[PDB]
Amino acid sequence: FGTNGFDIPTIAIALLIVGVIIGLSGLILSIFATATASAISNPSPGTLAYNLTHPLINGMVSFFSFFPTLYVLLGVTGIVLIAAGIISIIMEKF
Amino acid sequence: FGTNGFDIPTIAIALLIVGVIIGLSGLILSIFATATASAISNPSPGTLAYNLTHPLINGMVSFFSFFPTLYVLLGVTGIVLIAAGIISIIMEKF
Amino acid sequence: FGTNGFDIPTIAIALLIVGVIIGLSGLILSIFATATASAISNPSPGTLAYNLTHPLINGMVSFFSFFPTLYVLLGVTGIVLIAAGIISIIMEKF
Amino acid sequence: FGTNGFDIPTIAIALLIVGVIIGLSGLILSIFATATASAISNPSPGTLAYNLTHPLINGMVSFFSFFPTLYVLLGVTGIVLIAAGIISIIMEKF
Amino acid sequence: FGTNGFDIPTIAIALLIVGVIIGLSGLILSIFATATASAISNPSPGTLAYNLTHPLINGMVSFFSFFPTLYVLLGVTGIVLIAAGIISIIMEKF
Amino acid sequence: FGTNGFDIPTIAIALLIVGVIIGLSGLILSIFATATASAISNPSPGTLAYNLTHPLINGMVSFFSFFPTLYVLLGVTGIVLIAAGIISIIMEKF
Amino acid sequence: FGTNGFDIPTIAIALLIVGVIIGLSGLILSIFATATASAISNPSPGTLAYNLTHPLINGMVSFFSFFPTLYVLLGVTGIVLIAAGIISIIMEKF
């Protein structure tokens, strides 16, 4: 059901695959994040360990704050792909 | 249905193609613009980041304000093409 | 849909491409500018580090202030291109 | 989207590249300047070390004061390039 | 529809072409003039930059004031051409 | 639309070209003049640097004051050209 | 847009070039003059070094005082060139 490489069943299967992979990634990352949160403690505001540890958790927070826009762009990619398929169909179907 | 290169079915198909392409372009650009709007924040009116970032968004605004007249001219082009076709038909059909 | 090299679908696609590229450029530059703003500190008004660092940020500010007019000219270019296309069509379509 | 060597997407990409490179340069230079400021001390106003060290920091200050106009000229260059492109388009598009 | 080189359809097409070209010229020049107006600032009445910049804008104003009569003469030319055509027709049609 | 070398479309295009070139020249010169104004300082009224620098800025001022009449003459040239065209048309059109 | 070698666009470009070159010359000379002023000191009014150095700075002052009239003549040259162009056009355009 297509012309050259555009197949609606294949597209649906690909959507299934990406959806389930993203679900698993969220699940695993959340589960691991809980363990990390449990492991690290809060020594004191101003001792040696605080100086030694604070920037690390800051980097954690920053990278994880970067995740959402990555996911948004990844989602945007699929609309582009499907639209390219539609245009390609229309171009030489007539 | 024509004389040399003017074909009414071909013209209708071309109109279909340009219409759908313009629709897709609007869709994709709007969706991406929402993501850009979400990503960038407003630091402060007068700090370093404001000086560093404000002209960029100004350029964004300006270019996107230039878009409408581009679209208008692009639309005007088709009337010229169809009129040239009509004249060419009349010239040597009689 | 054209005469020699003027194709309305091609023009629309080109507009799409330039628009999305400009959006990405704004996004990336803003995100990076936030990081730069965070990294650099303000030592003091009159110490060695101030003398060492101030002109650099001045150059930053100046170049980024130059960006907007660059974008404006870049936008102006497209109107010229489309108008040249219209004129070329009219010249030998009749 | 151009005539011979003028490509609006290429220009936008080039602007992106120069912008990010300038941002990185500012970042790295500022970070290094902080370290230099920290390392050197102020011995005394009139001892041997002062005589030995003062002109060096004077040269530092002078060169870094030269930076801003370099950046300004570098920014001016792009407007010239884009204008040359516009003129070249207009010359033989008609 | 003519005698030797006078063709009413050709004349009408030529009028169309000159009209649209003049419209485009006005459009482009106005759009560019807005950008120029935005870019240049007003430093002060009596400093170095004022002395350096004022005559340039004076020349701008003068040349652009010369434009109108150029356009008027250009318009006058067409009446002469059409009248020459009429006379040439009458001379040897009888 | 002409007789030998006088073409109203060509004239209009030439007017467009000269107008845009003059606009760009004004823009670039003003932008550069601002940078020059910023770079040079005012040392003192009577020291060595004043003697060394004052005549240079005097020459700057003088040449830039010469610009306006150059532009005026350049503008006058076009009226002469168009009038020569009109006369040439009238001479042998009848 | 001309007759043999007189081209208004070429003239405008030449004016741009000479203007920017003169601006750069003023800039560079002023910047260098500041450095020269800083380097040389004032030993004493009547010692050996004064006798050894004074005439040199006198020659500096004199030559730099000669600059302005050079610039004025250079500016005058362009009016002559443009007028020669106008006369040449008028001579054989009719």
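What counts, and where the lines are drawn
Residues numbered from 1 in each chain as written, not as in the entry; some residues may be left out. Chains lettered and ligands numbered in written order. Part of a larger assembly, values for the part shown. Heavy atoms only, no water. Helix = DSSP H or I, 4+ residues; strand = E, 2+ residues; numbered from the N terminus. Rg over C-alpha atoms; globule rule 2.2 N^0.38 Å. Buried < 20%, exposed > 50% of the residue type's maximum accessible area, 1.4 Å probe, protein only. Areas by Shrake-Rupley, 256 points an atom, 1.4 Å probe, with all protein chains shown as cover. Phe/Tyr/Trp six-rings, centres within 6.5 Å; stacked < 30°, edge-to-face > 60°. Contact = heavy atoms within 4.5 Å. Buried area = accessible area lost by both parts, 1.4 Å probe. Salt bridge = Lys/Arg side-chain N within 4 Å of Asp/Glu carboxyl O. Polar contact = N/O pair within 3.5 Å; in protein donor to acceptor, adjacent residues only side chain to side chain. Nonpolar A, V, L, I, M, F, W, Y, C, P; charged D, E, K, R; others polar. Expected span 1.5 Å × (residues − 1). Bend = angle between axes of the 7 residues up to and from the residue. Core = buried A, V, L, I, M, F, W, Y, C linked by side-chain atoms within 4.5 Å. Axes fitted to C-alpha atoms, helices over the stretch in contact; angles between N-to-C directions. Parallel < 35°, antiparallel > 145°, perpendicular 65-115°, else oblique.

Caption draft 1: Structural context of the overall build of chain A. A count of helical and extended segments in chain A gives 2 helices and 0 strands. Against the compact-globule benchmark of 12 Å for 94 residues, chain A has a radius of gyration of 22 Å, which places it well outside the compact range. C-alpha atoms of chain A, sized along the principal axes, occupy 75 × 20 × 15 Å. Of all 94 residues assigned to chain A, the portion counted as buried reaches 6%. Carbon and sulfur atoms make up 79% of the accessible area of chain A, which totals about 7100 Å².

Caption draft 2: Region of the structure containing the packing of aromatic side chains. Evaluation of the coordinates by the stated rule reveals 28 aromatic pairs over all chains. Ring geometry for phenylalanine 63 of chain A and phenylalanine 64 of chain A: centres 6.4 Å apart, planes at 90 degrees, overall edge-to-face. A ring pair is formed by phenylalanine 64 of chain G and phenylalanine 67 of chain G, whose centres lie 5.7 Å apart and whose planes are at 20 degrees; its orientation type is stacked. Taken together, the positions of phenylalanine 64 of chain G and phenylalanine 67 of chain G, both in helix α2 (residues 48–93) and 3 residues apart, correspond to about one turn of that helix. Judged by its relative accessible area of 13%, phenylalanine 64 of chain G is buried. In this structure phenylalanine 67 of chain G comes out as buried when scored by relative accessible area, which is 17%. An aromatic cluster is present here, built from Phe63, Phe64, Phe67 and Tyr71 of chain A joined pairwise through their rings.

Caption draft 3: Structural detail: the interface of chain B and chain C. Opposite the 35 residues of chain B that make contact, chain C presents 40 residues. Carbon and sulfur atoms make up 92% of the surface buried where chain B meets chain C, a total of about 3700 Å² over both sides. For the pair chain B and chain C, the number of links is 0 salt bridges. Run the count over chain B and chain C and you get 0 residue pairs in polar contact. For the side of chain B that touches chain C, the secondary-structure elements that each account for two or more residues are α1 (8–39) and α2 (48–93) of chain B. Among the elements that take part in the side of chain B that touches chain C, α2 of chain B stands out by supplying 24 residues, more than any other. Residue composition of the side of chain B that touches chain C, grouped by class: 27 nonpolar, 8 polar and no charged.

Caption draft 4: Fine view of helix α2 (residues 48–93) of chain F. Compared with the 68 Å implied by 1.5 Å per residue over 46 residues, the 71 Å span of α2 of chain F between its first and last C-alpha is a close match. By the largest-angle criterion, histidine 54 of chain F marks the main kink of α2 of chain F, which is about 30 degrees, and a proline, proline 55 of chain F, follows within four residues.

Caption draft 5: The arrangement of the nonpolar core in detail. Counting residues in each nonpolar core, the largest one holds 119 residues, and the members touching the most others are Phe67 of chain C, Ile90 of chain D together with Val20 and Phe67 of chain F. Of all the elements, helix α2 (residues 48–93) of chain C adds the most residues to this core, at 20 residues. Sequence-distant contacts of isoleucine 90 of chain D, defined by excluding residues within four places in its chain, comprise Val80 of chain C together with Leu16, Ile17 and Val20 of chain F.

Caption draft 6: Region of the structure containing the packing of helix α2 (residues 48–93) of chain E against helix α1 (residues 8–39) of chain F. Running from N to C, α2 of chain E and α1 of chain F point in directions that differ by 175 degrees, and their axes come no closer than 10 Å. Classed by the angle they form, the pair α2 of chain E and α1 of chain F counts as roughly antiparallel. Classifying every residue of the contact of α2 of chain E with α1 of chain F gives 21 nonpolar, 6 polar and no charged.

Caption draft 7: A look at the side chain of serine 30 of chain F. For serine 30 of chain F, the location among the structural elements is in helix α1. Beyond its immediate stretch of four places on either side in the chain, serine 30 of chain F contacts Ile40, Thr53 and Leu56 of chain E.

Caption draft 8: Main features of the environment of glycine 85 of chain F. Note on placement: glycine 85 of chain F falls in helix α2. Remark: the alpha-carbon pair of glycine 85 of chain F and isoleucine 8 of chain F, spanning 77 residues in sequence, is separated by 9.8 Å.

Caption draft 9: Layout of the packing of helix α1 (residues 8–39) of chain C against helix α1 (residues 8–39) of chain D. The contact between α1 of chain C and α1 of chain D brings their axes to 10 Å, and the two run at 5 degrees. If you check the angle between α1 of chain C and α1 of chain D, you find them roughly parallel. Here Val18, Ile21, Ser25, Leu29, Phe32, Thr36 and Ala39 of chain C of α1 of chain C come into contact with α1 of chain D, specifically with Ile8, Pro9, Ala12, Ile13, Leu16, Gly19, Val20, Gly23, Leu24 and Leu27 of chain D. Taken together, the residues of the contact of α1 of chain C with α1 of chain D sort by class into 13 nonpolar, 4 polar and no charged.

Caption draft 10: Broad picture of the arrangement of the chains. At their nearest point, the C-alpha atoms of chain B and chain D are still 10 Å apart, with no contact between the two. Note that chain C does not reach chain G: the shortest distance linking a C-alpha of one to a C-alpha of the other is 17 Å.

Caption draft 11: Region of interest: the environment of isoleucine 31 of chain F. In this fold, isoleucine 31 of chain F is placed in helix α1. With a relative accessible area of 14%, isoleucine 31 of chain F lands in the buried category. Once residues within four sequence positions are removed from consideration, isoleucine 31 of chain F is found in contact with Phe66 of chain C together with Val76 and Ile79 of chain D.

Caption draft 12: How the structure looks around the environment of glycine 2 of chain A. Among the structural elements, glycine 2 of chain A can be located in the segment before α1 (8–39). As a C-alpha pair, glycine 2 of chain A and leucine 29 of chain A span 27 residues in sequence and 38 Å in three-dimensional space.

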